[PDB]
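In PDB author numbering, the protein residues as written are -1 to 145.
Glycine included, each C-beta is placed from N, C-alpha and C at the ideal position.
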Ligand SMILES: CC(C)(COP(=O)(O)OP(=O)(O)OC[C@H]1O[C@@H](n2cnc3c(N)ncnc32)[C@H](O)[C@@H]1OP(=O)(O)O)[C@@H](O)C(=O)NCCC(=O)NCCS
């Protein structure tokens, strides 16, 4: 019943990448998660049942914030894990003078879309043919969350 939330560290990347492989359509490589270890990128992980079950990564840029990725292992979904991770991330962003969280997500990524909408996210635009798809390209929906 213990649950731990903390900033992520380089040792977390293999499990984070495993969560991505399990949960995210078109998942980031292990090397993509090293890529946002660098400055202005901030991450958190949740530990439940003695292992990592979800992570969230934001980018602080200009005066506002971008949600780069959020994912929860499928066996731990629909229990509030992402909700808690997002709350922790938004507390950090709000303390660092941000008020709007940007998310870009594949049009077909239903779960991330419905999650963000129930957190207060609002669609503000579409980037057509923004992601590579198995054939052709896939639109990105663009959401804003005020906080
Ligand atoms: C989106 C995601 C992180 C949600 O994680 P989670 O821990 O299950 O989310 P929560 O339990 O905190 O969600 C909260 C509310 O979101 C809504 N919702 C969440 N997932 C949903 C889904 N798959 N389908 C429909 N509604 C959903 C629910 O209304 C949920 O509230 P409830 O549990 O009271 O029913 C998870 O589906 C995931 O990892 N998806 C793939 C990740 C991804 O694609 N990342 C890249 C784009 S950011």
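Three-state class that DSSP yields for residue 108 in the structure shown: Numbered from 1 along the chain shown, position 110 holds the residue referred to as residue 108. Helix at residue 108.
Assigned exposure category for residue 1 - 16 Cβ within 10 Å defines buried: For this step, residue 1 is matched to residue 3 along the chain shown. It is exposed - the Cβ of residue 1 has fewer than 16 other Cβ atoms within 10 Å.
Just to confirm the assignment, what range does the beta strand (DSSP E) spanning residue 137 have? For the purposes of this step, residue 137 is taken as the residue at position 139 of the chain shown. Unbroken beta strand (DSSP E) run through residue 137: 135 to 144.
Given residue 68, which residues of its chain have a CB within under 6 Å of its CB, disregarding the five upstream and five downstream residues? Counted from its first residue, the chain shown places residue 68 at position 70. Spatial neighbours of residue 68 in its own chain (CB-CB distance under 6 Å, excluding positions within 5 residues in sequence) are listed in chain order as 54, 80.
Between 134, 47, 99, 89, which has its C-alpha nearest residue 74's C-alpha? In the chain shown, counting from the first residue as 1, residue 74 sits at position 76. It is 47 whose Cα lies nearest to the Cα of residue 74.
Using DSSP with H/G/I as helix, E/B as strand and the rest coil, what is residue 69? Taking the first residue of the chain shown as position 1, residue 69 is located at position 71. Three-state result, residue 69: strand.
According to DSSP, simplified to helix, strand and coil, what is residue 94? Translated into positions along the chain shown, residue 94 becomes position 96. Of the three classes helix, strand and coil, the one that applies to residue 94 here is coil, per DSSP.
Cβ of residue 68 versus every heavy atom of ligand 3: is any distance shorter than 7 Å? Because ligand 3 does not appear in the structure shown, any question about it cannot be addressed here, the ligands present being ligand 1.
Does the beta-carbon of residue 35 have 16 or more other beta-carbons within 10 angstroms, so that it is buried, or is it exposed? By one-based count along the chain shown, residue 35 stands at place 37. Exposed: under 16 other Cβ atoms inside 10 Å.
Would the segment 96 to 105 count as touching the segment 126 to 143 if we require 3 or more Cβ pairs under 8 Å? Put simply, the segment 96 to 105 touches the segment 126 to 143. At least three CB pairs are less than 8 Å apart.
Going by beta carbon distance, what residues of the same chain come within less than 7 Å of residue 122, once the five residues before and after it are set aside? Here residue 122 corresponds to residue number 124 of the chain shown, with the count starting at 1. Once the five neighbours on either side are set aside, the close Cβ partners of residue 122 are 140, 141, 142.
CB-CB length for residue 31 against residue 51, believed under 8 Å: As a position in the chain shown, residue 31 is number 33, starting the count at 1. As a position in the chain shown, residue 51 is number 53, starting the count at 1. Contact between residue 31 and residue 51 is absent: CB atoms are separated by about 16 Å, not below the 8 Å threshold.
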